[PDB]
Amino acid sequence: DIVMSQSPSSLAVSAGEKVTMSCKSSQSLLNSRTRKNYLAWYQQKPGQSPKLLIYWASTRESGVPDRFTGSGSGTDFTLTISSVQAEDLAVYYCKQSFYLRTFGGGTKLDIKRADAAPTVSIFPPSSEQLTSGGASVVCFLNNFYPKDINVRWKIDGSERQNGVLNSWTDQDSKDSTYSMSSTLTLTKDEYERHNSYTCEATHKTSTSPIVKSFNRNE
């Protein structure tokens, strides 16, 4: 029945920089006989189950790089990553085991890098789908940074704003880039009444949008 707080909740740094994040407990986690703070740090990457980094406040668990350093005492604790790497992208949780167990709210670590423009690709509906009466047009905007990007669909020159679903990947642990998918779903009939289909990506890297198109007849 110890409450845990983590701050800041979010964080961005470039590869190589130092970072520190804080964790506070509503009670001392220090036990006088053992002389240990029962506080641990966990790293959780996308799609992954949490991995233990540090226990007893400051002891590294085996396999963990030495750049991860835990510190502090009583009710105030710190995880430090000196020289952050692109692989360190993750949410970092602290947790108390002095009495029962309580996870902090987590601190998300995002990586800064150099701006990069999306690779855009556009795909007309598959024969299979048009066979069941749907038509989804798909447009992938791959390996760009930063995350902020606008996508615009045009049918026969006219901007189209519905039937559109968008989804962003988590940042990539190799290159620190983001990718996005955008999917324009119409009925077959509605799809077959227009010829040119276009997705346009406007991104910080250029004031000029990246255009890809195809024609149903093409």
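One rule holds for the numbers: they count along the sequence shown, beginning at 1.
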Checklist entry - Do the CA atoms of 198-206 or those of 5-13 have the higher mean B-factor in the entry? => result 198-206
Item to check | Of 160-168 and 59-67, the stretch whose C-alpha atoms average the higher B-factor in the entry | outcome: 160-168
Next on the checklist: Using only the C-alpha B-factors in the record, can you name which of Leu130, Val91, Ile122, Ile81 has the highest?
Outcome noted: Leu130
Checklist outcome for this item: From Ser28, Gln43, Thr34, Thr177, the top C-alpha temperature factor is at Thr34
Item to check | Third of chain Cα B-factors occupied by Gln96 | outcome: lowest
Checklist outcome for this item: Temperature factor at the Cα of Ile155, chain-ranked in thirds, falls in the highest
Checklist entry - By the record's CA B-factor, is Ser182 among the lowest, middle or highest third of residues in the chain? => result lowest
Next on the checklist: Splitting the chain's C-alpha B-factors into thirds, which one does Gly105 fall into?
Outcome noted: lowest
Item to check | Position of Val138 among the chain's modelled residues by C-alpha B-factor, lowest, middle or highest third | outcome: lowest
